[PDB]
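Asks: need coordinates for the following:
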Amino acid sequence: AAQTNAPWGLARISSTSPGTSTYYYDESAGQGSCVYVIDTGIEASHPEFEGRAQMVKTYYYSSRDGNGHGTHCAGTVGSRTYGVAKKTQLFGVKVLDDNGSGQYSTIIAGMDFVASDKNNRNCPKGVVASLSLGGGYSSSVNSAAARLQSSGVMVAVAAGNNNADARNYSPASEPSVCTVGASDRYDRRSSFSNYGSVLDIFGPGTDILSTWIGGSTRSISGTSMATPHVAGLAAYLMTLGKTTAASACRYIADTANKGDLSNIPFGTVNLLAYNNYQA
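Replies: Numbers count the residues shown, from 1 in each chain. See the structure here:
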């Protein structure tokens, strides 16, 4: 399958050079997999989700995304026009308020909910969790993320947006999850993107067009945009059967585009997420 005039990040996922605009992918498109978007919520009514998005848990009075951050992130996972896995099932877990701010107790409880909820969901191809959030170092937050991964969920987390070593951030510093940095359309590490040995993969993160609340669209930047590229890629590759939740992060890193990004400091992987499209 091919999507012409795709967002540059989607085209980058299937290409071996910057500056293309057509996204090539297998028709399976992540159908049969599930991605939990742990964020401000998901506007499930957005026509770009085609009914494949639903809110399953909120730690606030409403389950609605009153901010837009979570809807944008979920759009990059599996929206029709802006998603990597255009046929996956999206589940919304609202751990961030409508200001985009989270809590220690709610974010930790949210990861516990996903591991307990996935049983009763139809996800024959596997379960993924996308965490476009982060904070200071916390062994508790790291332990909660590792426990979600050990439950049988591919956990992708954002590295952070402070141009700093992600070792001092959680859950970015948890080794057992997949920590994602951001790149720009010119294959340079995004000016804001965190780095460090704890990073596993890079994804498109600068000027990422995706869904927004009110049935609209918006282009924003951050490692919060790069993480759903990797979460959608994992769900796509798990549906294809070439990896599972336990092996997806290493498999993505093993099959990534190597050494093509610029301004990658020594000690940080030079790997860009790549679907290795087999026509």
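Asks: residue farthest from the centroid of this structure?
Replies: Relative to the centre of the chain, and counting by CA atoms, centre = their mean, the farthest-placed residue is residue 61 at 25.5 Å.
Asks: so it lies in a strand, does it not?
Replies: No: counting by DSSP: H, G, I helix; E, B strand; the rest coil, residue 61 is not part of a strand but coil.
Asks: that one and residue 31, how far apart?
Replies: 33 Å (CB to CB, to the nearest Å). All C-beta spots, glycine's among them, are computed from the backbone N, C-alpha and C.
Asks: where along the protein do the helices fall?
Replies: Taking DSSP state H, the helices of the chain run over residues 8-14, 69-78, 104-117, 139-150, 223-240, 248-254.
Asks: can I get these in a markdown table with distance to residue 24?
Replies: Output for those, formatted as a markdown table (distance: least, CB to CB, whole Å):
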| stretch | distance to residue 24 |
| --- | --- |
| helix 8-14 | 4 |
| helix 69-78 | 17 |
| helix 104-117 | 31 |
| helix 139-150 | 29 |
| helix 223-240 | 12 |
| helix 248-254 | 17 |
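Asks: okay, those in TSV with mean neighbour count next?
Replies: Converted to TSV, those look like this (neighbours: other CB atoms under 10 Å):
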stretch	mean neighbour count
helix 8-14	25
helix 69-78	32
helix 104-117	18
helix 139-150	19
helix 223-240	30
helix 248-254	19
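Asks: for those helices, which one sits closest to residue 166?
Replies: Nearest of these to residue 166, taken as CB to CB: helix 223-240 at 9.0 Å.
Asks: correct me if wrong: residue 194 contacts residue 157.
Replies: No: counting by CB atoms under 8 Å, residue 194 does not reach residue 157; the two are 11.0 Å apart.
Asks: who's more crowded, those two?
Replies: When residue 194 and residue 157 are compared for neighbours, residue 157 comes out ahead with 32 against 28, by other CB atoms under 10 Å.
Asks: what sits against the more buried one?
Replies: Counting by CB atoms under 8 Å, 6 or more residues apart in numbering, residue 157 touches 131, 133-134, 145, 171-172, 174, 177-180, 227.
Asks: what's the closest of those to residue 278?
Replies: Of all the contacts of residue 157, residue 278 sits closest to residue 178, with 22.3 Å by CB to CB.
Asks: pretty sure that closest one contacts residue 249?
Replies: Yes: using CB under 8 Å, residue 178 makes contact with residue 249 at a distance of 3.7 Å.
Asks: shared neighbours of the two, which are they?
Replies: When contacts are counted by CB under 8 Å, 6+ apart, residue 178 and residue 249 have 154, 156, 200-201, 234 as shared neighbours.
Asks: make a markdown table out of the contacts of residue 157 and add distance to residue 46.
Replies: Below are the contacts of residue 157 laid out as a markdown table (distance: CB to CB, whole Å):
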| residue | distance to residue 46 |
| --- | --- |
| 131 | 21 |
| 133 | 21 |
| 134 | 25 |
| 145 | 28 |
| 171 | 27 |
| 172 | 28 |
| 174 | 31 |
| 177 | 27 |
| 178 | 26 |
| 179 | 28 |
| 180 | 23 |
| 227 | 19 |
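Asks: before we move on, back to that, to residue 279, which of the helices of the chain lies closest?
Replies: helix 8-14 (10.5 Å).
Asks: how distant is the closest one from the center of its chain?
Replies: Computed by CA atoms, centre = their mean, to the nearest Å, the chain-centroid distance of helix 8-14 equals 14 Å.
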